[PDB]
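Taking it in order: structure first as structure tokens, then the write-up.
When we count neighbours, we look across all protein chains shown, and the Cβ atoms used for this are built from the backbone with ideal geometry, even at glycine. Just so it is clear, none of the values below were taken in a lab; they were calculated from the coordinates.
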Amino acid sequence: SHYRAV
Amino acid sequence: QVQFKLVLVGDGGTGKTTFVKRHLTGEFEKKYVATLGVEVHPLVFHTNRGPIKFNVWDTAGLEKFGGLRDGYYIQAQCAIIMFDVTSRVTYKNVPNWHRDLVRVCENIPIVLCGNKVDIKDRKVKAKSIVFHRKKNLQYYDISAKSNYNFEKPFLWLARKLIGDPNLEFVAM
Amino acid sequence: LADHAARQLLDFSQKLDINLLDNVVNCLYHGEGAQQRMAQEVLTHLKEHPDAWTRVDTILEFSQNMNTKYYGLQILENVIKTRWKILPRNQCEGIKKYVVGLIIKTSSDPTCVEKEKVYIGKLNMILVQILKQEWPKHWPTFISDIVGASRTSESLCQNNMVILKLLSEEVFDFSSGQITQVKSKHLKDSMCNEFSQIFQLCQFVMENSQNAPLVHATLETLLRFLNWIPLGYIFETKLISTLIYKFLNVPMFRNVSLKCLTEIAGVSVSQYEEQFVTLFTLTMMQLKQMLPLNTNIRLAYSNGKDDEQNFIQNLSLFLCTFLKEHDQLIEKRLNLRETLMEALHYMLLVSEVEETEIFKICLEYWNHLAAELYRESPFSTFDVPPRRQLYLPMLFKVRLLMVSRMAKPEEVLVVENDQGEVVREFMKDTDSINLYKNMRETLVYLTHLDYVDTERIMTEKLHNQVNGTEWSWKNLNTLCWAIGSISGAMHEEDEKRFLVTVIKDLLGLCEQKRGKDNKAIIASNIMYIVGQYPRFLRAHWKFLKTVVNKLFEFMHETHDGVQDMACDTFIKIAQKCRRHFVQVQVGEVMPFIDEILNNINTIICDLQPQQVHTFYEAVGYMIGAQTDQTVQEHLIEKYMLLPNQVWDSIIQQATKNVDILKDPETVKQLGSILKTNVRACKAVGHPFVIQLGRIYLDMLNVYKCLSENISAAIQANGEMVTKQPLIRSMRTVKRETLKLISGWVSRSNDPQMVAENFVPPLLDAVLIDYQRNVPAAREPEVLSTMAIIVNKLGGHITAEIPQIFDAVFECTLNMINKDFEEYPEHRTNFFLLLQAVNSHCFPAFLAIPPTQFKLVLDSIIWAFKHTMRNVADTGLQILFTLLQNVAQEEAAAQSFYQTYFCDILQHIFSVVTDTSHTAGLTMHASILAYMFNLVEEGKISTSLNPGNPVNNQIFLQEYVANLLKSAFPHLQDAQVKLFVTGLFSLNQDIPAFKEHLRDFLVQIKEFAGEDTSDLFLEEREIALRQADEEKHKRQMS
Ligand SMILES: Nc1nc2c(ncn2[C@@H]2O[C@H](COP(=O)(O)OP(=O)(O)OP(=O)(O)O)[C@@H](O)[C@H]2O)c(=O)[nH]1
Ligand SMILES: [Mg+2]
């Protein structure tokens, strides 16, 4: 999927 | 005589100059006069095994007067990152100061100091200060006004640099 | 020579002197005196010049000292960050080639890499800055090229791993405040789209490479990547198994691999349960091999090296993280129960380490576990709850840990005041107090789970103290702190029995022990324990009376610390059991308050003045519990008799001859009397008015006279006279007078009486005296005092606000108008007073001369321009509240708008675009948002351009656009137009407004030239339009 918010 | 280099960094108006001046002369400064660039101040402590000198490089926490910035960190032996427990933004910027510091100093002793703990209204709660954990930094609550814990960071740095966990200041 | 060198360096019409630059930098890094500062200034000026980089290459072609090379790289990085968008493409390509070639050349040589790592790091950071500027639009094949170069060579692979780590840090960790939202999102998407190749390279290096430094660098890069990469790359590959098997057990990879495992464990998803269970199981299996459960982790840490201590800390972190996250997941598996217990065992072992931070992590986990178990079922030992049944075997171990390592309940500090007074103070919320609070909460939860086990542990500890096996002052103090911490955690009957047993055993121990010091320690511990159980003392009157009489007896004990302990315990008991000193107790003829008051002189004959003040505060707490008005008044009169005698004697002496007020001893006596009065007022509250009413006028007579003296002294020998003891005592008297007035007014429940009686004397005694004083002699507390009064009186003091201003306002403004530094306390208190007046006495502002209101507005603007954070925040709050108040009153709203709206907006924008005022950004945005909403709804019904009756919104758009363009000429018209449209569109979304302001702040620091590609004008406009539509829909709803 897409990256994760930090 | 053994003398190290200490780099004191942190946001503007956190108490770096006040802390250094209180250690140098004992007088508390009530007015905020922003530092321009960096000021080098020699502190001398007396341990049970001789005198130890910290050449503190009190840097400017404001971008406008930042100066060389990372140029000061070169050849630094220890560091103190200071923030203000009455302003959350000062703590929120601790990661940035740490990042700038490590890039020039791969592995040095680092003390994270939270100043102004004497003020009744505390904005950075003691339970929210967790940055030092994953970074192997030594955290200390200090107070330049009230002299609370004001000597612990230097003692920890001296112990780390000399490698003697049983080192103490005698104030001879 | 120095000035000539500086001029030569800054003279860009002549060739740079590399030797001179090297000498200057060597002086900076090894100088002594003004030479180092001069070198700093010269280097900063040289870096500032826009044409410095034209010499940077030359420096890198001729410099010998690494410091000068670092300086040149700093200049180059500044140029890349700022002006990269206006340089010719040929120059950009040349810089790219030079940077890449230098990186490759320096990384190729192992000796050069070893010698200078700061140079390599700076070069990598410059490369990352170039990547941020260009990649991927102008460098679409960077990722593939670096992957191939890494695959070809090992040193190049290590350098590329470092570069990729830096890129990830700058794109995902430190993007906010340095990259706009649109460009940050673009960079994140680009990094995530090409991450497959990077992950494949990392996996290849981990699985195949045998070069330890390269594997370490790859592990560090992976640790950095784990913060953001999609979960699939973690929980659907061999990453966890590879880390646990190939690196976790290796001595030189254990720390970094454990950090990676901790980062993986911190993740919380509901579809990778098997992966988390496998992670836990394999990590536990490895740990049991590399760290036997029979090891003494405390001794290992004590004698361990830095790597060992870091490993122990990381192990504690990993255990705490994974347990707090997936304890329920692990519990559900029966076959893993033993493993779970082993994990707990490890925690307990680490809990024995003499390290504050490691213990804090372990205690955080213990608190979480105890809280969860208590929430499951708060009842004590029906069938035991499932989770409690699982954890029963070690809950007693946790209880023993809590009791054996209890932290000090309170922190006491000796501080020298401004005047030189040595004062004992209690810290409110520090790290150590938080530690004690967490330990107390954990122990209270555990005791609620079952009190028999806690009582048994405490009894065993007390027995071991009695028999001498574990006897020491530290152990007794810790045990007594643990006993006190659990107050109220058990029923009244069990508490009574347990406390009776504990006190009997402690008294026996005190009897058996020999020496004054041991007896003092044991007695102090007994007093602390009894003072922590107010319910016990309330239940039994004989015990309470015996305790109080024992405290009075101790108050005559000259042994160090006994009197302070007695006074602290007495005030604690008086506060907690106040209602039991005023009523008549069975077997008594009169209430204990009368008995104490009759013998007050003989009780405090040996106490020090601060202890006397504490005793008076405790007695005042007791007095304040008397509900009857007449008896309370009689008690108050009998209560202040001793201070009042000295007060009256001093007043009569002064009336006979005012010169007595210059006698230092009289001033010390007055200060002590006023401190006693302040403490009594704090303890008693409103009914103390009578005492104040008895001395008020006389106090105001002592204040003013003393004030005058101080001023005279300053006029005779300057400010240095303020350091003399006599002036310090006079200032102490003045400050105590102000403290008494402020305290009573704050605690007084009668604004009308206060305004009628106590304010008019203040107007002349303090305010006009404050005005007549020289600037050096003015007391800042006055202003603060007034603020308090206003905060309490509001509408009852509005009529007096003008006069008050005429006494303090102008004379104060002229003191804090020449700079932002001098008289910090005066600025703070003045703006607090202005805030109080604005919040509670706005009609005073609405009913003053227009010139005075203009001066007030100018003072507020001066306030929010301050470097001091508190002053600026107060100014911003004042401005926001003033805007709301003006909006509330319709009549003057239009006039205020047409007179000050544009000026306030201009000043707000001036502070907003300043880096020194970012801490107040939130408030800035709020104000701005409100203002723009005010201009968009139509509240301003009068055009702000009388000459041209144009729509308010259009006029404001043009005005702000022109103001920003003039302030920052290098901005593009499209940039300013988009910024203004967002200002007028995001006015109902404060977080979005603040993000927009941050985007503008980062934009104005970069010269975008004529390039509109990096601005993402289309995406930003689409976002603004979506926000406008959402706000419109919310308005319709
Ligand atoms: N309440 C309180 N104020 C303090 C304390 N220490 C310093 N201050 C105040 O906080 C401000 C700090 O000013 P400086 O010492 O110049 O701060 P700095 O961080 O060195 O400033 P820059 O050089 O601009 O980064 C001043 O107002 C100090 O008087 C403290 O322990 N308590
Ligand atoms: Mg400073």
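Can you tell me the FRET efficiency between C:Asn208 and C:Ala2 if r is taken as the Cβ-Cβ distance and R0 is 60 Å, rounded to the nearest 0.05? Efficiency for this residue pair is about 0.60. When the charge dipole of the range C:46-685 is built from unit charges on Cβ atoms (+1 for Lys and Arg, -1 for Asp and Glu) and taken about the Cα centre, the candidate among C:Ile651, C:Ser380, C:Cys260 whose Cα reaches farthest toward its positive end is C:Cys260. Here the Karplus curve 6.51 cos²θ - 1.76 cosθ + 1.60, taken at θ = phi - 60°, turns the phi angles of the range C:614-630 into couplings of 4, 4, 5, 5, 4, 5, x, 4, 4, 5, x, 7, 6, 6, 5, 6, 5 Hz, with x standing for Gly and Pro. Divide the volume of the convex hull around the Cα atoms of the range B:78-172 by the residue count and you get 109 Å³ per residue. Stokes-Einstein D for the range C:80-202 at 4 °C, 1.567 mPa s, Kirkwood Rh over Cα pairs, in µm²/s? Diffusion coefficient, whole number: 86 µm²/s.
Viscosity 0.692 mPa s, temperature 37 °C: give me the Stokes-Einstein translational D for chain B in µm²/s, with Rh taken as the Kirkwood radius over C-alpha pairs. Translational diffusion coefficient: 204 µm²/s.
Legend: ranking of residues C:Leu944, C:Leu507, C:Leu317 from fewest to most surrounding C-beta atoms inside 10 Å; resulting order C:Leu507, C:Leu944, C:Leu317. Spatially, the range C:111-146 and the range C:783-853 are offset by 57 Å when compared through their Cα centroids.
Rounded to the nearest Hz, the phi-derived 3J(HN,Hα) couplings of the range C:198-212 under the Karplus curve 6.51 cos²θ - 1.76 cosθ + 1.60 (θ = phi - 60°) are 5, 5, 4, 4, 4, 4, 4, 5, 4, 6, 10, 4, 10, 8, 4, where x marks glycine and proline. Could you tell me which of C:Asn677, C:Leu287, C:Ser784 has its Cα farthest along the dipole of chain C towards the positive end, charges placed at Cβ (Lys, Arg +1; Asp, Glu -1), taken about the Cα centre? Going by the Cα projections, it comes out as C:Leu287.
Computed from the C-beta positions of C:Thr469 and C:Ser380, the FRET efficiency with R₀ = 35 Å rounds to 0.70. Prolate is the label for the range C:686-1009, because a/c, from the alpha-carbon gyration tensor with a ≥ b ≥ c as root eigenvalues, is 1.5 or above and a/b exceeds b/c. Close amide H contacts of B:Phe150 (hydrogens built in the peptide plane, cut-off under 5 Å, sequence separation of 5 or more or a different chain): B:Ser143. Coupling constants for the range C:356-366 follow from the phi torsions by the Karplus curve (6.51 cos²θ - 1.76 cosθ + 1.60, θ = phi - 60°), and in residue order they are 5, 6, 4, 5, 5, 5, 4, 5, 4, 4, 4 Hz; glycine and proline get x. Modelled spin labels at C:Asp973 and C:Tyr98, positioned 7 Å past Cα toward Cβ, are 3.6 nm from each other. Taking other Cβ atoms within 10 Å as a rough exposure proxy, C:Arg37, C:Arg254 sort from fewest to most as C:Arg37, C:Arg254.
At an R0 of 41 angstrom, the distance between the Cβ atoms of C:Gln629 and C:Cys811 translates into a FRET efficiency of 0.45. Projected label points at C:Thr58 and C:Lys668, each 7 Å from Cα along the beta carbon direction, are separated by 7.2 nanometres. Using only side-chain charges placed at the Cβ, +1 for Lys and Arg and -1 for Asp and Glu, the dipole size of the protein assembly as shown relative to its Cα centre rounds to 1540 debye.
Taking other C-beta atoms within 10 Å as the exposure proxy, B:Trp97, B:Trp57, C:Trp139 rank C:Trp139, B:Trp57, B:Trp97 from fewest upward.
Classification of chain C by its C-alpha gyration tensor yields an oblate form. The axis ratio a/c (a ≥ b ≥ c) is 1.5 or more, and b/c is at least a/b. Amide H to amide H distances under 5 Å link B:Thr47 with B:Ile52, B:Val170, where only residues 5 or more positions off or on other chains count and H is placed in the peptide plane.
The slack in the chain from C:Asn598 to C:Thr501, taken as 0.36 nm per residue of separation less the alpha-carbon distance, amounts to 31.5 nm.
What pairs from C:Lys360/C:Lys513; C:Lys15/C:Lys165; B:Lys5/C:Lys122; B:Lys64/C:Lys734; B:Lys125/C:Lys550; B:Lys152/C:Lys305 go past 30 Å between their alpha carbons? Over 30 Å apart, Cα to Cα: C:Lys360/C:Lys513; C:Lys15/C:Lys165; B:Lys64/C:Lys734; B:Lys125/C:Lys550.
Converting the Cα gyration tensor eigenvalues of the protein assembly as shown into ellipsoid dimensions via √(5λ) gives semi-axes, longest first, of 54, 45, 31 Å. Placing a pseudo-label 7 Å from each Cα along the Cα-to-Cβ vector at C:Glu890 and C:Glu325 gives an inter-label distance of 5.9 nm. You can think of it this way: the chain between C:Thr942 and C:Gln906 has 11.0 nm of extra reach, that is 0.36 nm per residue less the Cα-Cα gap.
Straightening the chain between C:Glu116 and C:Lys246 buys 43.7 nm, computed as 0.36 nm per residue apart minus the Cα-Cα spacing. Dipole of the range C:46-685 computed with +1 at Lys/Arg Cβ and -1 at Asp/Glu Cβ about the Cα centre; of C:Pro534, C:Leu164, C:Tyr301, farthest Cα towards the positive end is C:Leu164. Convex hull volume per residue, computed on the Cα atoms of the range B:7-87, equals 106 Å³.
Helix content alone sets the calculated 222 nm mean residue ellipticity of chain C: runs of n ≥ 4 DSSP H residues at -39500 (n - 2.57) each, divided across all residues, give -23500 deg cm²/dmol.
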